[PDB]
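Peer 1: This is the structure I want to talk about, given as structure tokens.
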Amino acid sequence: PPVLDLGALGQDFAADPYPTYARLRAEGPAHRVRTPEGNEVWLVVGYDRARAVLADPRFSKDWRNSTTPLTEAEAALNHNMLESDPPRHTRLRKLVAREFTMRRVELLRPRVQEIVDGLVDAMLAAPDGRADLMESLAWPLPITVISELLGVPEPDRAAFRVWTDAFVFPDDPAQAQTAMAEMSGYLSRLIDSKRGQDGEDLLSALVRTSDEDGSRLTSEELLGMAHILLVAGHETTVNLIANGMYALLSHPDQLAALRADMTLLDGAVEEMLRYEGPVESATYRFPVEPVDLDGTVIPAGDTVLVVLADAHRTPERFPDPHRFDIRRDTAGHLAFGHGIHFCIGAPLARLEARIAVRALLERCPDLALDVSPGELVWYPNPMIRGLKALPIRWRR
Ligand code: HEM
Ligand SMILES: CC[C@H]1OC(=O)[C@H](C)[C@@H](O[C@@H]2O[C@H](C)C[C@H](N(C)C)[C@H]2O)[C@@H](C)C[C@@H](C)C(=O)/C=C/[C@H]1C
């Protein structure tokens with residue numbers, strides 16, 4: 001294949017990518033394509049292959065195995081679990097797994113609940129009963145929850161959305177590259193602000209751990225860590241809520257069910273993950289040796305992107321794919337990945353989302369999408385699945 005150019009494929013490829021992915025799936029598992037941003041990457045589509053690869057060791061996420069160059073501003077924060085393999089990935093993750101167990105996170109419900117609640121109160125405050133569920137709840141919830149955890153003074157949180165934006169499609173490649181340096185700068189400063197202040201938040205914990213013994217957690221790794229624990233639960237958990245809602249609000253029949261019975265909540269918040277999950281394609285993976293993806297051979301060092309979005313629509317795994325059913329069997333979706341890199345914060349995310357949906361359906365009479373689905377606009381970025389905004393309204 002000449003190599004499918006995603007860029008020149010319409011701002012609707014950001015809208016409904018699926019047909020393009022499926023079309024590829026039909027011809028084979030792997031495909032070379034140029035991303036809307038440029039660079040050459042491989043796309044692995046089709047559920048069975050997707051799941052498979054995610055856990056395949058031959059696909060290392062350690063940039064040392066990539067033949068793609070890394071700018072200095074990037075090289076800075078590339079010492080985290082999601083960008084390394086054993087033994088390093090093993091070593092690092094261990095450092096903070098106890099902080100994200102369903103049991104531990106559950107302890108945060110009281111707080112998370114209160115955080116959502118405060119946010120909803122302010123929403124219903126509007127006189128016309130119209131607000132953007134994005135800047136109104138979906139965005140502020142994640143960034144707060146996590147920021148109290150990692151210990152980010154609140155005034156400091158604004159610059160974060162700013163950067164994340166640049167990271168995702170920014171209106172200029174050199175601008176996002178600035179956001180990274182800027183962030184590294186902040187985090188590094190912040191890391192130090194903690195030293196000797198006997199704080200008990202996660203970050204303070206790590207700063208102590210790292211000092212006590214640098215062989216267990218290097219200074220770069222310390223940086224990388226704080227960075228990854230932050231920017232990995234953003235775009236994802238923030239769009240989870242948005243996508244989730246946009247999904248439930250554009251399928252009245254389903255909104256109805258959940259309204260009638262709220263026990264379907266957990267299972268509905270799951271189908272959201274399957275149907276319109278936040279991550280379109282898993283993060284970068286590089287073959288340590290050439291991999292023969294059935295007929296198609298991928299060179300060592302090339303960038304492989306497992307397309308979570310497509311596997312979720314592969315009809316041989318998920319019948320009536322494009323159908324948003326909250327009573328569906330969502331068992332086995334790749335929303336949070338598969339393998340050793342399986343989301344470390346799946347519990348924290350789920351909690352937030354579950355409390356978030358819960359709130360809305362409840363505290364919002366005649367809640368509804370405030371614009372037509374065709375009017376919404378998604379982010380061109382091929383690695384994410386987010387709405388520019390999500391208008392709504394409710395019985396004034
Ligand atoms: C809707 C929410 C979330 C989604 C969709 C999501 C999705 C994922 C996915 C797909 C991976 C694996 C990526 C890959 O292998 O390419 C992953 C990894 C990870 N996630 Fe999440 N995530 C979410 C929320 C969270 C939260 C709330 C945190 C932070 C507290 C978090 C922290 C991480 C980290 C640091 C990893 C590294 C895993 C490892 O390498 O062992 N995630 N997540
Ligand atoms: C967990 C899935 C999302 O990706 C991420 O959370 C990671 C942290 C991040 O990718 C990293 O971004 C850094 C700024 C640079 C780093 N590079 C030095 C190696 C890179 O690996 C994303 C948050 C980037 C943004 C743009 C995004 O939208 C991610 C979506 C998920 C893949």
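Count begins at 1; order follows the chain as displayed.
Yeah, the Cβs are placed from backbone N, Cα and C, and that goes for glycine too.
Below are the features I grabbed from Swiss-Prot:
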type    : residues              : note
BINDING : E83, 176-180, 227-235 : substrate binding site
BINDING : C343                  : heme binding site
Peer 1: I'd like the Cβ neighbour count for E83 (substrate binding site), meaning other Cβ atoms within 10 Å of its Cβ, all protein chains included.
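Peer 2: Here the count is 22.
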Peer 1: Taking ligand 1 as the reference, state which of the binding-site residues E83, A179, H227, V231, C343 have a Cβ closer than 6 Å to one of its atoms.
Peer 2: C343
Peer 1: With every protein chain in view, what's the tally of Cβ atoms within 10 Å of the Cβ of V231 (substrate binding site), excluding that atom itself?
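Peer 2: For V231 (substrate binding site), the 10 Å Cβ neighbour count is 18.
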Peer 1: Which binding-site residues out of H227, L229, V231, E235 lie by ligand 2, going by a Cβ under 6 Å?
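Peer 2: Result: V231, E235.
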Peer 1: Far apart in sequence but close in space: which same-chain residues, 6 or more away, have a Cβ under 8 Å from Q177 (substrate binding site)?
Peer 2: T71, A73
Peer 1: What is the separation, in Å, between the Cα atoms of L229 (substrate binding site) and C343 (heme binding site)?
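Peer 2: Just about 11 Å between their Cα atoms.
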Peer 1: According to DSSP, folded down to helix, strand and coil, what is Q177 (substrate binding site)?
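Peer 2: In three-state terms, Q177 (substrate binding site) counts as helix.
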Peer 1: Tell me the Cα distance separating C343 (heme binding site) from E83 (substrate binding site), rounded to the nearest angstrom.
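Peer 2: Answer for this pair: 13 Å between alpha carbons.
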